[PDB]
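Taking it in order: structure first as structure tokens, then the write-up.
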Amino acid sequence: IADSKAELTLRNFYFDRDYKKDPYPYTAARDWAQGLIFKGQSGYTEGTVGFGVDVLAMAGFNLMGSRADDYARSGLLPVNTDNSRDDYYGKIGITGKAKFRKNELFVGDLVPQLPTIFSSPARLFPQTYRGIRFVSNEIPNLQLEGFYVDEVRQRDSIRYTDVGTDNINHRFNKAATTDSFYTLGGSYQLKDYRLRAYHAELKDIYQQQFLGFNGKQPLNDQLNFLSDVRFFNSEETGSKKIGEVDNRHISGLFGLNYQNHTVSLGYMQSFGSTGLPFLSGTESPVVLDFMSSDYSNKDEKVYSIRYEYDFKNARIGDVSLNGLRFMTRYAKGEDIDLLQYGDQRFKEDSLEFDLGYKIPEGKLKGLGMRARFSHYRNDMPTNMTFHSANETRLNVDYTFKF
Ligand SMILES: CCCCCCCCOCCOCCOCCOCCO
Ligand SMILES: CCCCCCCCOCCOCCOCCOCCO
Ligand SMILES: [Ca+2]
Ligand SMILES: [Ca+2]
Ligand SMILES: [Ca+2]
Ligand SMILES: [Ca+2]
């Protein structure tokens, strides 16, 4: 007990991606949902080997009634083959764990957080996987980790299904599934920088390596230089169920932080015969994580700029603004090759705004609210995955810690 941990989160999420050109038959992807999530992580039994258990429990509700059925699926709620939402969905993940010195083994339901396998947090509930995770912290400053998983339960699903890939913008021959995925590597923490390397195989689909670093380095007493750089290398393997895969992808975001301001510039580029592959049900793993597209197409070059302010030291009269944060960012992607268009190339851009407030003290401490807006355009054909849209996400969350 004594080192157990538990939290209960209540979430209200409205999602509206309002398509500019109403690609028949939908005017928007939209849903309004509420969710409860319980996350419990026990400590370990005493013994040379210690044992414990972790649990994740999720209950979600539709707040739009049958009205929801006239819109394209958001991902907040399960949607049936006639487009009707399920009005309620519930699901439980359990994990058994064992520890020997600073080595831990986890078997069951998992929420991976690696560049080769990163559970999507971007809808109501987390994506989860079923398998085995091993983590060693025996080496100071280095965390070694691996996953072997064979099923995935998507954020908007109550069922485990086979691991695999989605087909974004017809990037590959098809979306495919398979029976296993494994990844292993490590993360090394320096004073001001973290360095990471991982290898992954999605059986008969692709192999992928990652190298990356991120840091926050003081240039003097008041100015910090922030960096996050990610490199992927991907190739097809085995029976090559999605066909050729041939990609290198580099992305970086570089920022200056001064007196609670941050200004950053971002760059991405894809190289190779294809775009970037990654697991189904989740966002691209590259540095720029925008609302309305993955920005990860074959040959796409991406330029971005970002501004943020943390209002920790700001006030409006007697009202402290601590717990307010503002961000805005713009990205443009060009030289997009959709493969089936000869020498034609495509382009896309996004202007986003993000305002979040978390109550810092008092009775309502822990209550958070966020509003995000994206104006997204592209000149891509109508059979592609992402369409010009004005996208709004509104969140109100409250977490109780036990
Ligand atoms: C209720 C206010 C919501 C405001 C949202 C828009 C914010 C645009 O924000 C940037 C705000 O920061 C301006 C303050 O300038 C201070 C000067 O430099 C040092 C301050 O730490
Ligand atoms: C839409 C334009 C891009 C963002 C520009 C922001 C430029 C500065 O705007 C400041 C607006 O005010 C925010 C409210 O600030 C309250 C207190 O800040 C106190 C700083 O000590
Ligand atoms: Ca519309
Ligand atoms: Ca159903
Ligand atoms: Ca319904
Ligand atoms: Ca090849």
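When reading the values below, keep in mind they use all heavy atoms of this one structure, side chains included, and skip hydrogens, waters and symmetry mates. All ligand and atom numbering here is 1-based and tracks the order in the structure. Nothing fancy with the numbering, it's 1 onward along the sequence.
- Nearest heavy-atom pair, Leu77 versus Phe61, reported as atom, atom and distance to 0.1 Å: CD2-C, 4.0 Å.
- To the nearest 0.5 Å, atom CD of residue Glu7 and atom CZ of residue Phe402 are 9.5 Å apart.
- Distance check, rounded to the nearest 0.5 Å: OG of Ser264 to CZ of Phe225 gives 9.5 Å.
- Annotation for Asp3: atom CG does not count as buried by contact number, only 12 or fewer foreign heavy atoms lying within 6.0 Å.
- Counting only residues at least two apart or in different chains, side-chain hydrogen bond (donor to acceptor under 3.5 Å, both in side chains) contacts with residues 59-70 comprise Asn62-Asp87, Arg67-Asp70, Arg67-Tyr71.
- Residue pairs meeting the side-chain hydrogen bond (donor to acceptor under 3.5 Å, both in side chains) criterion with at least one partner in residues 141-151, sequence neighbours excluded, are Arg133-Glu145, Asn137-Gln143, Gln143-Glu145.
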Check: every ligand 1 N/O to protein N/O pair under 3.5 Å:
from, atom 1, to, atom 2, distance (Å)
ligand 1, 18 (O), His261, NE2, 2.7
ligand 1, 21 (O), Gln259, O, 2.6
ligand 1, 21 (O), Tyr309, OH, 2.6

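- Distance check: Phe213 CZ to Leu190 CG gives 11.0 Å after rounding to the nearest 0.5 Å.
- Near-neighbour remark for the Ca ion (ligand 5): protein N, O or S atoms under 3.0 Å are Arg85 O, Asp87 OD1, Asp87 OD2; waters not counted.
- From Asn260, atom CG reaches atom CG of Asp310 across 5.0 Å, with rounding to the nearest 0.5 Å.
- Summarising the geometry of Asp379 relative to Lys347, their closest heavy-atom pair is OD1-N, 2.9 Å, with the distance given to 0.1 Å.
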